[PDB]
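What's counted below: heavy atoms across the whole structure, side chains too, no hydrogens, waters or symmetry copies. Per chain, numbering begins at 1; letters A, B, ... match sequence-line order.
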Amino acid sequence: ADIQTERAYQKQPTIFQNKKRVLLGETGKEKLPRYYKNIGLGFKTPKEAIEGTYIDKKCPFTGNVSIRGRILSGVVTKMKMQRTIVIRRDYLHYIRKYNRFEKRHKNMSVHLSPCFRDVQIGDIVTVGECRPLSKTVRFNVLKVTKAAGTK
Amino acid sequence: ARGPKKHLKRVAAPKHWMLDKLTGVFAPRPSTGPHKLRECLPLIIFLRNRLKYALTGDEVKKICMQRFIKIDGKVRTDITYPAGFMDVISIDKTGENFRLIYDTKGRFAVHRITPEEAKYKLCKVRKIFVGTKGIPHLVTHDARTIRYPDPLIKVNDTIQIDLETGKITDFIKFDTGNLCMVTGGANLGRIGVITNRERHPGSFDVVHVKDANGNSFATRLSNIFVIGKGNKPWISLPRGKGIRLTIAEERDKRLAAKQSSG
Amino acid sequence: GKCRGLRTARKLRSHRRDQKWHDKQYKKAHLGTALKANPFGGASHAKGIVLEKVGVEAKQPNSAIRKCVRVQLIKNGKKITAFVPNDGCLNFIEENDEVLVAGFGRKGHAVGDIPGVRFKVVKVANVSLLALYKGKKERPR
RNA sequence: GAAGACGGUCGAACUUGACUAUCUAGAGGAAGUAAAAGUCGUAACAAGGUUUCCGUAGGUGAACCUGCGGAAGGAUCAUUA
RNA sequence: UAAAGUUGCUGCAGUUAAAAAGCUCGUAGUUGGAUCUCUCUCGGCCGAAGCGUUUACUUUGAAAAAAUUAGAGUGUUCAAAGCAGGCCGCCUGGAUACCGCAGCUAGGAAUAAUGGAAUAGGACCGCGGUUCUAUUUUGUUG
RNA sequence: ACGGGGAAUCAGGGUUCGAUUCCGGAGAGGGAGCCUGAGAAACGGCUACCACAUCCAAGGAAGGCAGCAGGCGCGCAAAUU
RNA sequence: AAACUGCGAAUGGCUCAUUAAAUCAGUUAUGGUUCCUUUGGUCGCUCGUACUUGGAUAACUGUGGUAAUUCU
Ligand SMILES: [Mg+2]
Ligand SMILES: [Mg+2]
Ligand SMILES: [Mg+2]
Ligand SMILES: [Mg+2]
Ligand SMILES: [Mg+2]
Ligand SMILES: [Mg+2]
Ligand SMILES: [Mg+2]
Ligand SMILES: [Mg+2]
Ligand SMILES: [Mg+2]
Ligand SMILES: [Mg+2]
Ligand SMILES: [Mg+2]
Ligand SMILES: [Mg+2]
Ligand SMILES: [Mg+2]
Ligand SMILES: [Mg+2]
Ligand SMILES: [Mg+2]
Ligand SMILES: [Mg+2]
Ligand SMILES: [Mg+2]
Ligand SMILES: [Mg+2]
Ligand SMILES: [Mg+2]
Ligand SMILES: [Mg+2]
Ligand SMILES: [Mg+2]
Ligand SMILES: [Mg+2]
Ligand SMILES: [Mg+2]
Ligand SMILES: [Mg+2]
Ligand SMILES: [Mg+2]
Ligand SMILES: [Mg+2]
Ligand SMILES: [Mg+2]
Ligand SMILES: [Mg+2]
Ligand SMILES: [Mg+2]
Ligand SMILES: [Mg+2]
Ligand SMILES: [Mg+2]
Ligand SMILES: [Mg+2]
Ligand SMILES: [Mg+2]
Ligand SMILES: [Mg+2]
């Protein structure tokens, strides 16, 4: 998978990839070291992020983002943007005059890392709050759980 | 509102000052200082409302401008100086020393201390950071930074500071079984032994504390102040020994005192 | 029957407000046409200039002449017929004089005998009609 | 180092068109409502003197009349091998 | 605003008083039949760790401005108020409750949703493999 | 329609009010642009345009009470230069 | 006294036109920023005329201009 598709050169800023190498240690390529971080709160780092090659500065595991504040869950409704998806959060709002609830929802645009592959319309995503990534995106997908009847 | 605010409405002042409603529109508005505005006792309130040494604000100013009041061993001529928890107020002309200790009902009590005990104080540690060629630094709840602290001293611990020099003399580690006072919230002013601390990563930690009478109560970690090692406090406690009476037993005690009076 | 499920709050509320629009008083108070059409403009009283004295026939079962006045409100220029309550009181009113007018008693609805009249005169030339009637004050000159 | 000038930006506001919200002058035309005791009749209420009413269509000074198809809220809960 | 159970959630009406769509299908919405009685590792028997599918619900705990409201004390001469005051320098207050909803917290598991094996794309025991990899090796070096 | 704390009424549930002394927001005739400053897009600072308006020797100069009093106007409706 | 310098004048007071997920309220975040002041730390850590440096300007003194300004 070629990772150079923009006008600029895509690269993890922390990793230095031009270290001098003698010809005796030139067994193909050096297998460019991968930068990854362990986000806390008991979330495992996907093996894809560790062993991947994608460049994503908004990735919670390989990019420059900090998970802080609220951790929420939603259902994936649309995946038509690049590296970001639209999830749906449903809830019941109480009305005190009638002592009864009404069904409400709100969509949320959340950044989805390339480390989560095979995400389908319908699965559950645990997202975590971060700094503003775009005009409307303030959350990053931290965990993906499949639907109840997946193959 | 452009720029900082300089006034404080009397009804908007913190309730533990015990300010009335009809004396004026405004309140003393504590100056910026080592203690937060909501958690301090301005010098004027203590010197006029509490001790009744002065009748008006001008008399408080006249008292302070003769350099009679010392807060933690230093002369303070600012009448709105924020004096807060564990501060030592010394008046040598009349020869008394007070320590600002929360009462059981969450108010700064007039607590007189001996001059031997007025030479030190206890400070909670807020953070530890290394700077400037690998020199460690401690920051206390009193906004004083101390370089070269003991490597064992960690956050949420308590250090005994010699007021004359400003150096650490000993410390208490934050651990279960150590005596503590609650410095904020519903249980403010209560004294008890730490029983258990539950950690919630990314959120606030809750500390459970058991009184000397067997009562238990929870607080947030930021509301806990280690007072003594084990059951013995390192300072003198106010007349109420940190235990909270319910309104029923308070009424019974008041009635017994009334009956025994005369 | 009505819906009764635990999740029916929105249906109940929407139905209640839609049906609330079918209440006469609620629609009158919240539609905004009544306040626009009200000559007083929502005020309790108003001030006007007496245009002419008029006699209005009482409704059929009882025969009488009700002495009213045509007034022109200062604040919006609308023309109004106002009733001069007591007897001889029409003699206290002149042409082209300031008069303070109030409602008649039922929220812009005609009262008793007088047809199409919902206002009564309270003051004439800044002196109360009751004071003139009881001899407490005289008409200014 | 002042006045000043090219360019850019923010941009009040001006001119010219278009649209839009409220109030409004206004010949006339056509209704509703009261006050209404006039004129022509009698449509409806009794089998109201052609049973009433509904939908549709035409016509007529006026109520209304007629055709078609419905209802009984009908003047028949019933009519005999 | 109450009276107005004349806006009806509590709690109204629809044969004739105003009122059920001409009839059926049908998306969203609303509602929906029985059934199922915590441990393996770490540190000093406990403290720790998960995770039991997730909740809703219920109870508790924390955090939640003052004023206002409720309310404790207190003879403003009484009262509305106030936060004062009492004893012959002392003594004593300036309480407490309540604060939807949402968000934290820890118990309960009836009720109500939700899942867990039916191409075995099953659980547990041992096996064997495949691959990569962290350190044992080891006064030391090496 | 500035939002809350709250207010009136109320068996229980509710309905209505909250410009108004506490907290938060906005504005200083209407827009816009700035200087200084830690902090204004500040108006009891400045620069323009729009609307009003003051003095003038006609060349020019100076404005901003939704601060306290007070006046006009508007009004049913509100206090001492 | 005046004048230069420094600080404040961004608080307070008034009003409710605008404003309909905006304001605001509760809850969280800044591991994404700024912060006069108060308070504490730091301030021989740097290997490179001083027993004190230079030019102004105000107040003040004198000549004024404009019908007129907290003009100059
Ligand atoms: Mg202000
Ligand atoms: Mg945190
Ligand atoms: Mg220039
Ligand atoms: Mg016949
Ligand atoms: Mg007939
Ligand atoms: Mg007939
Ligand atoms: Mg009928
Ligand atoms: Mg009512
Ligand atoms: Mg009732
Ligand atoms: Mg009814
Ligand atoms: Mg009917
Ligand atoms: Mg039917
Ligand atoms: Mg359906
Ligand atoms: Mg069931
Ligand atoms: Mg409160
Ligand atoms: Mg009370
Ligand atoms: Mg709650
Ligand atoms: Mg408005
Ligand atoms: Mg409102
Ligand atoms: Mg208001
Ligand atoms: Mg208004
Ligand atoms: Mg305000
Ligand atoms: Mg402003
Ligand atoms: Mg004005
Ligand atoms: Mg401005
Ligand atoms: Mg002004
Ligand atoms: Mg101002
Ligand atoms: Mg004024
Ligand atoms: Mg007037
Ligand atoms: Mg009045
Ligand atoms: Mg000066
Ligand atoms: Mg200063
Ligand atoms: Mg300043
Ligand atoms: Mg300093």
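For B/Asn223 and E/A62, the shortest distance from a side-chain N or O to OP1 or OP2 is not below 4.0 Å. Residue C/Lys2 has a polar side-chain atom (N or O) positioned under 4.0 Å from OP1 or OP2 of E/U10. A sub-4.0 Å separation between OP1 or OP2 of E/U30 and a side-chain N or O of A/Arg100 is absent. Neither OP1 nor OP2 of F/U21 sits under 4.0 Å from any side-chain N or O of B/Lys9. For A/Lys103, a side-chain nitrogen or oxygen approaches OP1 or OP2 of E/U30 to under 4.0 Å. Contact annotation: A/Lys97 side-chain N/O to E/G8 OP1/OP2 distance is under 4.0 Å. Note on B/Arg239: a side-chain N or O is less than 4.0 Å away from OP1 or OP2 of E/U92. Between A/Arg131 and G/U30 there is no side-chain polar atom (N or O) within less than 4.0 angstrom of OP1 or OP2. Within the 4.0 Å cut-off from OP1 or OP2 of E/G94, at least one side-chain nitrogen or oxygen of B/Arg107 is found. Side-chain N/O atoms of B/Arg147 include one lying less than 4.0 angstrom from OP1 or OP2 on G/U42. Within the 4.0 Å cut-off from OP1 or OP2 of E/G47, not a single side-chain nitrogen or oxygen of B/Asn196 is found. Remark: C/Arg16 is in phosphate contact with E/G8, judged by side-chain N or O atoms under 4.0 Å from OP1 or OP2. Contact check, B/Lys258 against E/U92: no side-chain N or O comes under 4.0 Å of OP1 or OP2. The side chain of B/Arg2 places an N or O atom within less than 4.0 Å of a non-bridging phosphate oxygen (OP1 or OP2) of G/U11.
Across all strands shown, B/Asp78 has no heavy atoms under 4.0 Å from either base or sugar-phosphate atoms. As judged by a 4.0 angstrom heavy-atom cut-off over every strand, B/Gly185 is placed among residues touching the sugar-phosphate backbone only. Residue C/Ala46 is classed as a sugar-phosphate contact, given heavy-atom separations below 4.0 Å to backbone atoms only. Counting any heavy atom pair closer than 4.0 Å across all strands shown, B/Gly184 reaches sugar-phosphate atoms only and no base atom. Within the 4.0 angstrom heavy-atom criterion, only backbone atoms of the sugar-phosphate kind lie near B/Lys74; the bases stay farther away. Among the atoms of the strands shown, only primed sugar atoms or phosphate atoms (P, OP1, OP2) are found under 4.0 Å from some heavy atom of B/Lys21.
One P atom belongs to F/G37, the other to D/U15, and the distance between them is 41 Å to the nearest Å. One P atom belongs to D/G38, the other to D/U56, and the distance between them is 37 Å to the nearest Å. The gap from the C1' atom of F/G67 to that of F/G75 amounts to 25 Å, rounded to the nearest Å.
Between B/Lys15 atom NZ and E/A97 atom P there is a gap of 12 Å when expressed in whole angstrom units. B/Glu198 places its CD atom 12 Å from the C1' atom of E/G107, with the value rounded to the nearest Å. Atom CZ in B/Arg244 sits roughly 7 Å away from atom P in E/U96 (whole-Å rounding).
In this structure, E/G73 forms a base pair with E/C83, meeting the Watson-Crick or G-U wobble definition at 3.5 Å.
Between C/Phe119 and C/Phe104, the ring center distance fails the sub-6.0 Å criterion. B/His16 and B/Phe108 have their aromatic ring centers within a separation under 6.0 angstrom.
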Subject >> Steps toward salt bridge (charged side-chain N to carboxylate O under 4.0 Å, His left out) verdict (A/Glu102, A/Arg104) >> reply: CA-CA 6 Å; A/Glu102 41 166 333; A/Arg104 290 188 174 187; 3.6 Å; yes
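Using a 4.5 Å heavy-atom cutoff, the side chains of B/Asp87 and B/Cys40 are not in contact. A 4.5 Å side-chain heavy-atom check between A/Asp90 and A/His105 finds at least one atom pair inside the cut-off.
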